[PDB]
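Engineer: Pasting in a structure now, in structure tokens, and then I'll have a few things to ask.
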Amino acid sequence: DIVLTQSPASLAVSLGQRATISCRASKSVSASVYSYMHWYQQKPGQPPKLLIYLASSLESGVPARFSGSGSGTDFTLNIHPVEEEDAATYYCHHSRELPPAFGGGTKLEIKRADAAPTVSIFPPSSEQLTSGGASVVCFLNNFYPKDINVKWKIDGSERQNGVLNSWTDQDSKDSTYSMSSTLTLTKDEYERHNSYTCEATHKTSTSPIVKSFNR
Amino acid sequence: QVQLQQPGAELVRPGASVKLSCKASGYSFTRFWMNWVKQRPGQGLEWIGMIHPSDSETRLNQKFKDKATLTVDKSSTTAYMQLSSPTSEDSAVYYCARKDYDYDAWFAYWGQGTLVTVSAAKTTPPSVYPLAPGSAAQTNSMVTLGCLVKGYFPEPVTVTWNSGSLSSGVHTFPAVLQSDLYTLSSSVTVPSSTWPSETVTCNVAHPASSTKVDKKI
Numbered sequence: 001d002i003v004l005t006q007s008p009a010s011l012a013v014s015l016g017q018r019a020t021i022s023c024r025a026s027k028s029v030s031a032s033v034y035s036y037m038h039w040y041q042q043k044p045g046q047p048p049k050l051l052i053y054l055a056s057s058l059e060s061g062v063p064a065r066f067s068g069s070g071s072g073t074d075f076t077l078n079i080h081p082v083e084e085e086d087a088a089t090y091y092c093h094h095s096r097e098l099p100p101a102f103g104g105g106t107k108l109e110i111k112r113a114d115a116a117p118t119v120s121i122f123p124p125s126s127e128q129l130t131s132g133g134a135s136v137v138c139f140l141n142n143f144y145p146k147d148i149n150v151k152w153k154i155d156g157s158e159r160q161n162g163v164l165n166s167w168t169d170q171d172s173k174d175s176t177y178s179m180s181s182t183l184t185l186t187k188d189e190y191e192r193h194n195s196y197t198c199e200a201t202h203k204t205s206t207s208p209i210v211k212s213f214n215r
Numbered sequence: 001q002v003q004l005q006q007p008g009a010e011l012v013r014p015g016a017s018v019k020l021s022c023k024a025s026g027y028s029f030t031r032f033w034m035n036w037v038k039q040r041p042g043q044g045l046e047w048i049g050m051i052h053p054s055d056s057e058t059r060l061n062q063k064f065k066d067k068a069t070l071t072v073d074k075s076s077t078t079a080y081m082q083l084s085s086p087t088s089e090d091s092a093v094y095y096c097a098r099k100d101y102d103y104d105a106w107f108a109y110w111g112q113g114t115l116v117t118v119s120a121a122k123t124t125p126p127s128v129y130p131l132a133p134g135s136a137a138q139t140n141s142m143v144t145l146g147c148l149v150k151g152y153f154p155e156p157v158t159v160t161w162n163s164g165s166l167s168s169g170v171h172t173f174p175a176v177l178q179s180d181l182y183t184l185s186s187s188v189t190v191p192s193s194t195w196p197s198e199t200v201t202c203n204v205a206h207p208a209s210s211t212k213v214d215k216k217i
């Protein structure tokens with residue numbers, strides 16, 4: 001059939017600039033001067049939505065900053081100017097042949113200045129200690145870029161076991177990143193230790209940010 | 001208003017068989033064709049199969065051939081898709097779309113989505129615990145609170161603050177698989193004036209187990 005390959009796989013464009021994403025088809029989808037293509041935008045946790053049909057046309061209700069062009073086997077998607085709400089995963093679809101297929105996908109992100117994370121660590125609840133478990137959870141919010149590291153230190157000793165890290169997608173309005181780290185340990189390990197330290201290593205800080213508490 | 005409804009999520013063991021429902025409304029069910037789309041996180045979107053509801057004629061992908069079976073109910077205006085022997089690669093979010101034909105055919109409307117997780121584990125109701133700092137150095141004018149949801153299968157789980165009263169400064173973190181059980185956390189950032197005056201509660205609802213847990217912070 002017709003295989004669609006989009007390049008690149010991920011793109012970061014600053015606000016006010018232009019974002020160009022190409023959809024390359026293995027075979028020509030153009031039939032009778034009218035090419036077969038559809039551009040889809042999909043946000044995380046939502047179904048995709050149509051944007052550009054026939055590669056030359058904008059759908060009613062879709063803002064005018066979204067546009068596309070190209071003929072034959074090479075199509076492009078041009079978004080200018082780029083806005084904070086434009087961050088999402090983009091797709092392309094060919095109706096020319098059967099079976100119809102979808103593109104490999106491209107994730108557009110907003111580029112801006114770097115930001116330092118806000119580190120807050122929460123001791124385990126008394127309800128969890130009743131069941132016999134304990135979880136020391138540490139929150140890191142509003143940091144850019146997404147490259148960051150979290151180090152757990154109990155009583156001055158680093159413990160990498162029992163750590164659950166979860167990263168989010170880029171915030172629409174803030175264009176920042178957020179993550180958490182959960183250190184799970186038994187109540188016996190909770191009563192036999194006092195100091196619980198959460199450290200954050202980010203490109204905006206030469207030294208790790210220390211946020212801790214005492215039992 | 002044309003709308004396509006689907007169940008929230010479905011749990012299945014490897015080698016079993018499930019039947020997914022796609023309910024069409026707002027337009028005649030027999031005048032359009034029903035298509036199915038597979039989305040695995042990080043893989044992107046994939047095409048499954050398309051069925052003509054009038055004659056129940058099916059067109060399936062070679063990858064999904066003999067894996068999927070399509071059938072429709074014209075009296076209930078609802079389309080069905082049967083999946084046989086799902087594997088670990090078959091765990092994904094499934095969609096049903098109405099294909100709108102004007103010359104080139106696009107997809108105008110989509111379903112709510114269904115997350116089918118392939119595992120041998122049994123549904124575990126969530127255990128929700130509040131997270132409060134209990135101490136601080138008074139170095140910040142903002143008060144951050146959190147909520148921990150652990151020991152639940154399968155995903156996802158809806159977590160709101162004060163039954164959705166706070167739509168700002170809230171962050172819902174995705175689940176993490178540990179020891180066959182999913183775990184997520186949540187956070188909310190309110191100013192130092194809101195914390196003593198307003199009560200912050202954690203509203204958690206698990207769609208798979210149909211359970212709701214409320215914990216005050």
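Protein sequence lines, in the order shown, are assigned to chains E and D. Quick note: the first sequence uses the deposited numbering, first residue 1, plus one each step. Quick note: the second sequence uses the deposited numbering, first residue 1, plus one each step. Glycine residues also receive a C-beta, built at the ideal position from the N, C-alpha and C atoms.
1) Do D/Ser192 and D/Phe173 have their C-beta atoms within less than 8 Å of each other?
2) Starting from E/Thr130, follow the alpha helix (DSSP H) in both directions and report where the run begins and ends.
3) In chain order, what residues of the same chain lie with their CB nearer than 8 Å to the CB of E/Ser28, ignoring the 5 residues before and after it?
4) Assuming E/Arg112 and E/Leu15 are in contact, meaning their beta carbons sit under 8 Å apart, how far apart are those beta carbons, in whole angstroms?
5) Based on the DSSP output, what are the partners of E/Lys111 in its beta bridges?
6) With distances taken between CB atoms, is the gap from D/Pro86 to D/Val12 smaller than 8 Å?
7) Between which two residues does the alpha helix (DSSP H) harbouring E/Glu189 extend?
8) Please identify the residue among D/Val118, D/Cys147, D/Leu115 whose C-alpha is closest to the C-alpha of E/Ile121.
9) On a Cα-Cα basis, can you pick out the residue from E/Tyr34, E/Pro208, E/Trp39 that is closest to E/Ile79?
10) Identify the contact partners of E/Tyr34 in chain D, using a Cβ-Cβ distance below 9 Å as the criterion.
11) Any C-beta of chain E within less than 8 Å: which residues of the region 175 to 201 of chain D qualify?
12) Mind checking D/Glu10: buried by the 16 CB within 10 Å criterion, or exposed?
13) Under a three-way DSSP split, which group does E/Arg24 fall into?
14) Around the C-beta of E/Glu199, are 16 or more other C-beta atoms found within 10 angstroms, so that it is buried, or is it exposed?
15) Contact criterion: CB-CB distance below 8 Å. Does D/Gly44 meet it with respect to chain E?
16) Would you mind telling me which residues of chain D sit closer than 7 Å to E/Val137, beta carbon to beta carbon, in chain order?
17) Grab the span of the beta strand (DSSP E) containing E/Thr5 for me, first residue to last.
18) Please classify D/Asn61 as buried or exposed, where buried requires at least 16 other C-beta atoms within 10 Å of its C-beta.
19) Where do the N-terminal and C-terminal ends of the alpha helix (DSSP H) with D/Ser127 fall, by residue?
20) Decide if E/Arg192 is buried, meaning its Cβ has at least 16 other Cβ atoms within 10 Å, or exposed.
21) Thinking C-alpha only, which one of E/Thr184, E/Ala25, E/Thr118 is nearest E/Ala101?
22) Taking buried to mean at least 16 other C-beta atoms within 10 Å of its own C-beta, is E/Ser131 buried or exposed?
Structural biologist: The short version:
1) It is not a contact, given that the beta carbons lie outside the stated cut-off.
2) Start and end: 126 to 131.
3) Cβ-Cβ distances below 8 Å link E/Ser28 to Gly72, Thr73, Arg96 in the same chain, with the five nearest sequence neighbours on each side left out; the list follows chain order.
4) Between E/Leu15 and E/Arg112 the Cβ distance is about 7 Å, and since that is below 8 Å, they are a contact.
5) E/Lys111 is bridged by DSSP to E/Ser14.
6) Cβ distance < 8 Å, so D/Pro86 and D/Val12 count as in contact.
7) Where E/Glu189 is concerned, the enclosing alpha helix (DSSP H) stretches over 187 to 191.
8) It is D/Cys147 whose Cα lies nearest to the Cα of E/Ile121.
9) It is E/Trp39 whose Cα lies nearest to the Cα of E/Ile79.
10) Those are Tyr103, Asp104, listed as they occur along chain D.
11) For the region 175 to 201 of chain D, the beta-carbon criterion of a distance under 8 Å to any beta-carbon of chain E is satisfied by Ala175, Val176, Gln178, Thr183, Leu184, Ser185, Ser187, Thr189.
12) D/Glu10 should be labelled buried.
13) Here E/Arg24 carries a strand assignment [DSSP, helix/strand/coil].
14) It is buried - the Cβ of E/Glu199 has at least 16 other Cβ atoms within 10 Å.
15) Yes, D/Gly44 lies at the interface with chain E (some Cβ there is under 8 Å from its Cβ).
16) For E/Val137, the C-beta contacts it makes with chain D under 7 Å involve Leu131, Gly146, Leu148, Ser185, in order along the chain.
17) Segment 4 to 7, the beta strand (DSSP E) holding E/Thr5.
18) Looking at its Cβ environment, which holds 16 or more other Cβ atoms inside 10 Å, D/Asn61 is buried.
19) If you look at D/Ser127, you'll find it isn't in any alpha helix (DSSP H); it sits in the beta strand (DSSP E) that goes 127 to 131.
20) Classification of E/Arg192: exposed, given that the 10 Å Cβ count is below 16.
21) Checking every option, the nearest Cα to that of E/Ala101 belongs to E/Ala25.
22) Label assigned to E/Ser131: exposed.
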